[PDB]
């Protein structure tokens, strides 16, 4: 039903706020962590794919340690988003799995993101590896250009559950207003008929913004907001996001 990471219970109450941190170097990461330190969010996602030379595990881990030193009371989600799913760089399957297992081993991260389309064998063994070390797994899938049919969105979320994800996650891009409703339809069907754990769903862009606010009623356990003044289309600031989620929760 719920997933507890530290003191945070995902799948209960108002949806949780995730913010993404991007830095190319340890200095960039430190600067961002310091700017994020006082902001009101629940989970810090480190977008590792923006970091240079990720194949040097030690550099990555030094940066993870730096984040933990600065942001000490928020769960840390380690996410290498591959270029094929909108990320900044690509790694071989072996390198990607090695990177994630190194994060797990470090004891510095509370959760890792694993992409559904990495491959069943590798994904499932790494979920097992993360669990042995008390690290939670968000399994993810993204389509930055379009919205698949509701039935296919549900299928992907169900597959993530079958592969052992603690929290299935899907983000899709609407081309029309109807696509936003398609994503919400999939969220409702999944949460009502198949889900046995928290799920995260979102429809990107300004058009899909309602998907970031309607999680409590339709079934999304978390959403993403921005800390920076200058954000992107559909990225509500964390203070405003907290304001709206609280209004809906207390209504």
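Residue numbers count along the first chain shown, from 1. So that the term is clear: the rigid core is the largest set of C-alpha atoms that superpose within 1.5 Å between two forms.
Chemist: Please tell me which region, 193-201 or 50-58, has C-alphas lying farther from the displayed form on average in 6 other deposited structures of this protein, with superposition done on the core.
Modeler: So, of the two stretches, the farther one in 6 other deposited structures of this protein is 50-58.
Chemist: Quick one: core-superposed, which stretch strays further from the shown model in 6 other deposited structures of this protein, 132-140 or 89-97? Go by RMS C-alpha distance.
Modeler: More C-alpha displacement in 6 other deposited structures of this protein shows up in 89-97.
Chemist: Looking at the deposited entry, does 1-9 or 242-250 carry the larger mean Cα B-factor?
Modeler: Mean CA B-factor is higher for 1-9.
Chemist: Using only the Cα atoms and their B-factors as the entry lists them, report which of 232-240 and 20-28 averages higher.
Modeler: Higher of the two, by average CA B-factor, is 232-240.
Chemist: Per the entry, which of 110, 162, 166, 113 tops the list for Cα B factor?
Modeler: Among 110, 162, 166, 113, the PDB entry lists the largest C-alpha B-factor for 162.
Chemist: Which is it among 79, 89, 155, 147: the one with the largest CA B-factor in the entry?
Modeler: Highest CA B-factor of the listed options: 89.
Chemist: Which third, lowest, middle or highest, does the CA B-factor of residue 95 fall in along this chain?
Modeler: Ranked within chain, residue 95 CA B lands in the middle tercile.
Chemist: Ranked by Cα temperature factor within the chain, is residue 174 in the lowest third, the middle third or the highest third?
Modeler: Its C-alpha B-factor belongs to the lowest third of this chain's values.
Chemist: Going by what the PDB entry lists, where does residue 74 fall on CA B-factor within its chain: lowest, middle or highest third?
Modeler: CA B-factor rank for residue 74: highest third.
Chemist: Taking the values exactly as deposited, rank residue 51 by C-alpha B-factor within its chain and report the matching third: lowest, middle or highest.
Modeler: Middle third of the chain for residue 51's C-alpha B-factor.
Chemist: Pull the Cα B-factor of residue 211 out of the PDB entry and bin it into the chain's lowest, middle or highest third.
Modeler: CA B-factor rank for residue 211: lowest third.
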